[PDB]
Number of protein chains: 2
Amino acid sequence: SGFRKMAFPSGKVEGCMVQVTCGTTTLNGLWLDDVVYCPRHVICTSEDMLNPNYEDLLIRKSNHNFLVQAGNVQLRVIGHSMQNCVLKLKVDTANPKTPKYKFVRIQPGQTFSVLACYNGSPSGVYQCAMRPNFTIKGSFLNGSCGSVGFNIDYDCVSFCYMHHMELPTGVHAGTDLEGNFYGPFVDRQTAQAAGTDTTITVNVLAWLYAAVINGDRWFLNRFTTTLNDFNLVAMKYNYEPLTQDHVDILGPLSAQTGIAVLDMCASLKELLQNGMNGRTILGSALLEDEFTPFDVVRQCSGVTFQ
Amino acid sequence: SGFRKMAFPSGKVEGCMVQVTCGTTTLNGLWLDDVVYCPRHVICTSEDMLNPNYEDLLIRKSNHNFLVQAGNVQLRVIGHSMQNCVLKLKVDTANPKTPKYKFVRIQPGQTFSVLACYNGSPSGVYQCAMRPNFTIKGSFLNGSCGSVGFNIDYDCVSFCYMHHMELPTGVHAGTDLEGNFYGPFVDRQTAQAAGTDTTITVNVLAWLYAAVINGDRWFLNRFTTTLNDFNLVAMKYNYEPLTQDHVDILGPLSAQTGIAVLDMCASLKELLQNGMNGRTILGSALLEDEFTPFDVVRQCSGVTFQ
Ligand SMILES: *[C@@](O)(c1nc2ccccc2s1)[C@H](C[C@@H]1CCNC1=O)NC(=O)[C@@H]1[C@@H]2[C@H](CN1C(=O)[C@@H](NC(=O)NC(C)(C)C)C(C)(C)C)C2(C)C
Ligand SMILES: *[C@@](O)(c1nc2ccccc2s1)[C@H](C[C@@H]1CCNC1=O)NC(=O)[C@@H]1[C@@H]2[C@H](CN1C(=O)[C@@H](NC(=O)NC(C)(C)C)C(C)(C)C)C2(C)C
C-alpha cells in the first residue's frame with residue numbers, strides 16, 4: 001500500500017553525465033557512445049545572450065576550446081556540430097557505461113524523471129510532468145543546464161528532455177535530445193512568456209483511481225455522466241478536455257477497481273463544483289495531475305527494470 | 001528556482017541489490033563486500049508468521065537452502081548468522097561495486113531516500129521521513145522486503161533502513177542495518193499499533209523558509225513571539241515541541257532570508273490558528289513536514305555528490 005511521487009532509478013543515467021566548459025561557461029553534457037550532447041549556448045558569453053548568432057559564434061570555435069571532463073578523466077574533442085539548439089561534440093572515447101537508449105519527444109501530460117546535475121555531478125532526482133503549456137515545474141539553479149529528463153522502458157533508457165532555462169514565473173523550459181524546444185521558446189534573452197496552463201484531466205482521474213486502490217473512497221458517488229456533460233464543466237475550471245482515447249487508457253484501472261470511468265468523472269465533477277471541504281485524497285488537499293495512468297499501474301503493481 | 005521532493009541519486013545502491021530465496025519465499029538483500037544483508041523472516045513459511053522461533057527455524061537451515069542471485073549471477077552462500085532481526089549471509093564473492101558506506105540509526109524527523117526493489121531489481125526511488133511514531137509513509141507491495149533507505153554524504157552512502165512490514169493503517173516499519181527495529185514493533189504477525197503521529201515542527205519551518213527563498217511571502221507578518229508561547233500553541237495542534245537546538249539548526253536559513261526564526265514561528269502560529277484560507281505555499285495546501293533544514297539548503301544551494 002501507499003502512494004508516492006516515485007522517480008525512476010537514476011543509475012543508468014549517472015554514468016553518462018559529464019562537464020563541458022567553453023571559456024568561463026560550464027554546464028553539463030550527456031555522453032553516449034563517442035558523442036557528448038549539451039546546450040549550444042555553452043559557447044556564449046554574457047555579452048552574447050541578448051541576440052546571439054550561433055552559426056557565427058560556433059565558426060570562431062575550435063575543438064580545443066571545449067574542455068570535457070568525465071570525473072577526473074578528460075575527454076578529447078575531435079569534432080563538433082550543431083543540431084538545432086544542441087551541440088554534438090565528438091570525442092575520442094566511447095562511454096563504456098553507455099546503456100541501451102533512445103531519444104523521444106514526449107507530449108504534454110507525460111511524466112519523466114529528472115537527474116539534476118551540477119558540474120557533471122548528480123545532485124538529485126525527481127519526477128515531474130510536461131505541462132500543457134510546454135513548461136515544467138522543476139528545481140534548477142545556476143549550472144543546472146545540460147541536466148536531462150528520462151523514462152525507463154524495461155532495459156531501455158528514453159531521454160526526452162535537456163534543460164536550458166528558467167522563466168520569470170519560476171518554471172522551466174528545455175528541448176528534446178535533438179535540440180528542438182518543447183513549446184514556443186528560444187535560447188536567447190528576449191521577452192518570452194509561457195502560455196496559460198491547465199490541469200491534465202486524465203492524470204487527475206488516474207490519481208483518483210490510485211486513491212480508491214489505496215482505500216480513499218469518500219469522493220465516490222452513485223451518479224454518472226457523459227463525456228459531453230463532463231467536458232462542459234471541465235472547461236469552466238481550466239481542465240483539459242477528455243477524449244475517448246483517455247477513456248480507453250484508463251481502462252485497466254477501471255477494471256481493477258470496478259468503478260467505470262464515466263462514474264469516476266461524476267465524482268470529479270462534484271469535486272470541482274463543491275471543493276474538497278477540508279478533506280484530503282492520498283494525503284493531499286489539491287487534485288494532483290502529475291501521475292499518468294501508467295505511473296499508477298506501475299506503482300500499484302510493482303513493475304521493475306534492468 | 002523551484003522546489004521538489006528530491007531523492008538522492010540511486011546509482012551507488014542499485015549495484016548492491018540482490019535476490020534472496022529460501023524455499024518459496026523471495027525478497028531483497030543488500031550485498032556489501034562479501035556479505036548479503038536481508039530480513040530474517042525470509043526463512044519463514046506462512047505457517048511460522050504467527051509466533052516464529054527464529055533460533056530454531058535457523059538451526060534447521062543449511063547454506064544451500066539460500067539461493068542468492070545478483071542478476072544472472074548466482075552467489076554461493078558459505079555461511080550465515082542472525083543479528084537481531086536481520087540475516088547476514090556470507091558469500092564467496094565480494095561485490096566489486098561496493099561503494100564507500102556506513103550504517104546509521106537515524107532519529108525521527110530525519111529524511112532519507114528509498115530504493116523500492118522487487119526480485120533484486122530496482123522499481124523506483126522516493127524521499128520520505130521517519131515519523132515521530134517510528135513509521136514511514138511508504139509505497140511497498142508484496143516482495144518489497146529487503147529494500148533499503150539511505151542518505152548520501154559526499155562520497156559515502158549511509159544506509160539507515162531496511163523494509164520489513166506494513167501496518168493496518170497502510171504505513172510501514174523496518175529496521176536499521178543492524179537488525180534493530182525503529183519503534184516498538186516485532187517481526188511476527190501479532191496485533192501491533194503505531195502510536196499517535198505528530199507534525200515535525202522544525203521541518204515545517206524549514207519549508208516556510210524554502211517558500212520565502214522561492215518568493216512565497218504571503219504568510220509572513222511583523223509579529224514575533226517566544227519559544228515558550230509558541231510551544232503552547234503547537235501542543236494544541238499536535239506539533240512537536242520546538243527546542244533551542246532546532247532554533248540553532250535553522251540558523252543558515254534565517255541568515256539567508258533575513259527573517260528571524262522566532263519571527264517565522266509567529267507566522268506559523270497564525271497559520272495554525274487561522275488556516276491557509278484557500279491559499280497555497282510552494283504549490284501545497286497543507287503544511288509540509290518531510291523537508292529537513294538540511295534538505296532545504298541542499299536544494300536551494302546546489303550540493304552535489306560523487
Ligand atoms: C543554465 O545552467 C545556463 N547557464 C549559462 C551561463 C552562461 C552561458 C550559457 C548558460 S546555460 C541556466 C539555468 C537557469 C539558472 C536558474 N534556473 C535555470 O533554469 N540557464 C540560463 O542561464 C539561461 C541562458 C540565458 C538566460 N537564461 C535564463 O535561464 C535566465 N532566464 C531568462 O533570461 N528568461 C527569459 C524568459 C527572459 C528569456 C535567468 C534565470 C535570468 C538566468 C539563456 C537563455 C541563453
Ligand atoms: C515483505 O516483502 C515480506 N514478505 C514475506 C513473505 C513471506 C515470508 C516473509 C516475508 S517479508 C512484506 C512487505 C509488505 C507487503 C505489503 N506491504 C508491505 O510492506 N512484509 C510482510 O509480508 C510482513 C511479514 C509477515 C506479515 N507482514 C506484513 O506486512 C503483513 N502485516 C502485518 O501482519 N501487520 C501486523 C501489524 C498485524 C503485524 C501484511 C501487510 C498483512 C502482509 C511478517 C511481519 C513476518
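Every chain is numbered from 1, with letters handed out A, B, ... down the list of sequences. Note: hydrogens, waters and symmetry copies are ignored here, and every other heavy atom, side chains too, is used.
Both the backbone and the side chain of A:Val125 come within contact range of chain B, judged by heavy atoms closer than 4.5 Å. Residue B:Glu288: no heavy atom, backbone or side chain, is found under 4.5 Å from chain A. For B:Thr280, the part lying under 4.5 angstrom from a heavy atom of chain A is the side chain only. When heavy atoms are compared at a cutoff of 4.5 Å, A:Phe3 approaches chain B solely by way of its backbone atoms N, CA, C and O. Contact annotation for B:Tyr118: both backbone and side-chain heavy atoms come within less than 4.5 Å of a heavy atom of chain A. Proximity to chain A involves both the backbone and the side chain of B:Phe305, based on heavy atoms less than 4.5 angstrom apart.
The side chain to side chain contact (heavy atoms under 4.5 Å, CB included) test with A:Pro9 is passed by exactly one of B:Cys117, B:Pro122, B:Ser123: B:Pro122.
Ranked by heavy-atom pairs under 4.5 Å with chain A, the first of B:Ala116, B:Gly120, B:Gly138, B:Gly275 is B:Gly138. The greatest number of non-hydrogen atom pairs below 4.5 Å with chain A, out of B:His172, B:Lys137, B:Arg298, is found for B:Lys137. Most heavy-atom pairs under 4.5 Å with chain B, from the set A:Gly71, A:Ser113, A:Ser121: that is A:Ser121. Comparing B:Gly215, B:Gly2, B:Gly143 by heavy-atom pairs within less than 4.5 Å of chain A, the highest count is held by B:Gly2.
With hydrogens and angles disregarded, no donor-acceptor distance shorter than 3.5 Å links the side chain of A:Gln299 to the backbone of B:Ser139.
Counting non-hydrogen atoms of other residues, nucleotides and ligands closer than 6.0 Å to CZ of B:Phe294 gives a total of 12 or fewer. Heavy-atom neighbours of B:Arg279 CZ from other residues, nucleotides or ligands within 6.0 Å: above the threshold of 12.
Proximity of A:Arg4 to B:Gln127: side-chain heavy atoms (C-beta onward) are nowhere separated by under 4.5 Å.
Distance NZ/A:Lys12 to OG/B:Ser10: 10.0 Å, rounded to 0.5 Å. Summarising the geometry, atom CD belonging to B:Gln306 is positioned 10.5 Å from atom CD belonging to A:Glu14; distances are rounded to the nearest 0.5 Å.
Closest approach of B:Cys300 to A:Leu141, counting heavy atoms only: C-CD1, 4.0 Å.
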